[PDB]
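In structure tokens, the next block holds one chain alone, the form deposited in one PDB entry.
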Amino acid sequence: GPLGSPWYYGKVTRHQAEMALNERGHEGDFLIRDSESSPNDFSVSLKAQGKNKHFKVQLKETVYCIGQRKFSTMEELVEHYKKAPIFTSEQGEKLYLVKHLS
């Protein structure tokens, strides 16, 4: 729900997010949506080859929590994963966030 928060795409479901990413997205494009299975939290949905990825972001007492990392704002979370991988395979393929889907 946040107004005045350009990081927030919308309250699209997982399947609706997959459709938008496949229809208009390029590798590295992503969107941030409410989580369907944990409604007070968020999901980062990433356009990736083969199968798109979805990552959990918990909002706990103002702090944005992803994996073992903590960020004061969603914007800083996004900036971190533009330069550090958000996903690494066991064979070394790394994925980064590039830009928000419009």
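Residues that one form lacks are left out of the comparison. From 1 onward, residues are counted along the sequence shown. Rigid core: the largest C-alpha set superposing within 1.5 Å between the two forms.
Between 84 to 92 and 17 to 25, the higher mean Cα B-factor belongs to 84 to 92. According to the PDB record, 35 to 43 carries the higher mean C-alpha B-factor of the two stretches 70 to 78 and 35 to 43. Among all modelled residues in its chain, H54 ranks in the lowest third by Cα B-factor.
The next section is about a form of this same protein that is not shown, the form deposited in another entry.
In that other deposited form, the CA atoms of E61 and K11 draw together by 3 angstroms or more relative to this form. Between the C-alpha atoms of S72 and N40, a gap narrowed by no less than 3 Å is obtained in that other deposited form, as opposed to the form on display. Listed in sequence order, 49 to 51, 61 to 102 mark where three or more consecutive residues have CA shifts of 2 Å or more between the shown form and the other one on superposition of the core.
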